[PDB]
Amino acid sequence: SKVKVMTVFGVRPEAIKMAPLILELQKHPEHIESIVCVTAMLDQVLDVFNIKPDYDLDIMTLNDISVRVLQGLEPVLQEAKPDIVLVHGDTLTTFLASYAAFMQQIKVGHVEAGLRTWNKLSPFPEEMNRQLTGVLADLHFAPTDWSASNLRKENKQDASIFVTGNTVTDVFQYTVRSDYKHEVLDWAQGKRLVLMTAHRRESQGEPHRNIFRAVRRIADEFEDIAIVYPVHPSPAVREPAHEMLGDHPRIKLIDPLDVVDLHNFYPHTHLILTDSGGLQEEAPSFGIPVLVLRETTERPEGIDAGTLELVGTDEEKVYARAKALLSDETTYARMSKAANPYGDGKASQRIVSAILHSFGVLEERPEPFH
């Protein structure tokens, strides 16, 4: 008999962040039996990573989902009798699965533990979901030292916290290929590829107008850049973007990129302007400095590490900081050299070691991630 590890998730983002961990668990058949339970059509990502769910609950109101996840999971847990349920992040499923496991005295491991706004109403219900999971979790896999210190602020036992980095950083192995080809990359071939995204609804109109004027000026000023802008579908973005950026030789407006396309652009790209939490988390793995089109951010670790800079939404600031990053090779090499404080691409390895250690199979505590 083995450590029976059941991973439970049920949305597209959760699936991608859990896939590399599941693949890591399957590398230890000596010590671990890897069970996968989906709550939920997440089989699209599961076909990429070639993950076969052993259970598929179907939950096609917050109270209704809660009841239905609890009902579905009870028989799954008393049949499989896992030693540890692993949940990810801050979905309703993360909390409900931890709670189903708590009610059968099954150990809980929380992947991406410790993220806090300390505001119940923002985000809702994710802040409450991650605080509830926080009280049910036996093992906290904190991506960062800031995450781990959130957990210490709540009086969690130090020995229960493992800073592992984020598994987001483990997916590039499965996703990035050399074979990879795109018309947009061919169009950008000889130039510094500048990747920009603005999907935040609250920046439509005046803020977008300001960003676009700064970007146009930058396109005009630099003859050795090619700006790729995967534009938000909304007419409230498409129109102003086409109107103000649509007929420039060094700006390609395109349809939003798939995750796999996005990951494959990263090796080719020089600078990012985004308001995406995802690009801010991933891009530094490839040396890409990120200028963040926001007044603030929820996560401090990127700022403090210098992988990201807040640049806001006003024209002068966006232009100036974009200019500075594209000429001043000192600031670029600085942001580019700083290592992704969000992970190594070895988080799944550390989480599996932490599970093995907690069950007495590994006598040594793995080295954290700093």
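The first residue of the sequence shown is number 1, and the count goes up from there.
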How much of the deposited sequence is absent from the coordinates between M60 and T61: none, 1 to 3, 4 to 9, or 10 or more residues?
4 to 9
Counting only residues that lack coordinates, how big is the gap in the deposited sequence between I65 and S66? Pick none, 1 to 3, 4 to 9 or 10 or more.
none
So, looking at the entry's B-factor column for Cα atoms, which has the higher mean, 168-176 or 135-143?
168-176
Mean C-alpha B-factor higher for 107-115, or for 263-271?
263-271
Which one, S122, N155, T297, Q280, has the peak C-alpha temperature factor per the PDB entry?
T297
Name the residue from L308, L325, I32, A338 with the greatest C-alpha temperature factor listed in the entry.
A338
Lowest, middle or highest third: which one holds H357 when the chain's residues are ordered by CA B-factor from the entry?
lowest
By its CA B factor, does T94 count among the lowest, middle or highest third of the modelled residues in the chain?
lowest
Chain thirds by Cα B factor, record data; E127 belongs to the lowest
Taking only the Cα B-factors deposited for this chain, tell me whether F212 sits in the lowest, middle or highest third.
middle
Determine, from the deposited record, the chain-internal third of the Cα B-factor for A100: lowest, middle or highest.
lowest
